[PDB]
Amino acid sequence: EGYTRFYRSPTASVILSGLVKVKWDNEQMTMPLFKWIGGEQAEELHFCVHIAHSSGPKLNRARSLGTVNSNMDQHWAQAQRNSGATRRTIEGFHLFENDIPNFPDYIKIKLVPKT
């Protein structure tokens, strides 16, 4: 599995693999933004941002939001497109309902090495 839940509360903030912190773009929560906090790197490292789907085909397979890298250490950044047919914004089929009613939905995201 290995996914981190990132909740659709505008002030939510998580960390993936101890490498990248995540926040929302704005109160509309249309996309996550990323910042590298994984230490200084002798060479730039790249990771693919995997996101789960909650509905539709192949629920067992991750999609990608794009890539992040260790040069994203000074400014929050959007994931860099693959794209190709890659989703820029959060849609219903990324959203999982809270385990307890009355509380925000979440998306499931994680990093894998870009290879």
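Counting begins at 1, following the sequence as shown.
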State the tercile, meaning the lowest, middle or highest third, of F6 with respect to the CA B-factors recorded for its chain. middle
Which third, lowest, middle or highest, does the C-alpha temperature factor of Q80 belong to within its own chain? highest
Lowest, middle or highest third - CA B-factor, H53: lowest
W24 - which third its CA temperature factor falls in, relative to the rest of the chain: lowest
Chain thirds of CA B-factor: placement of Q41: highest
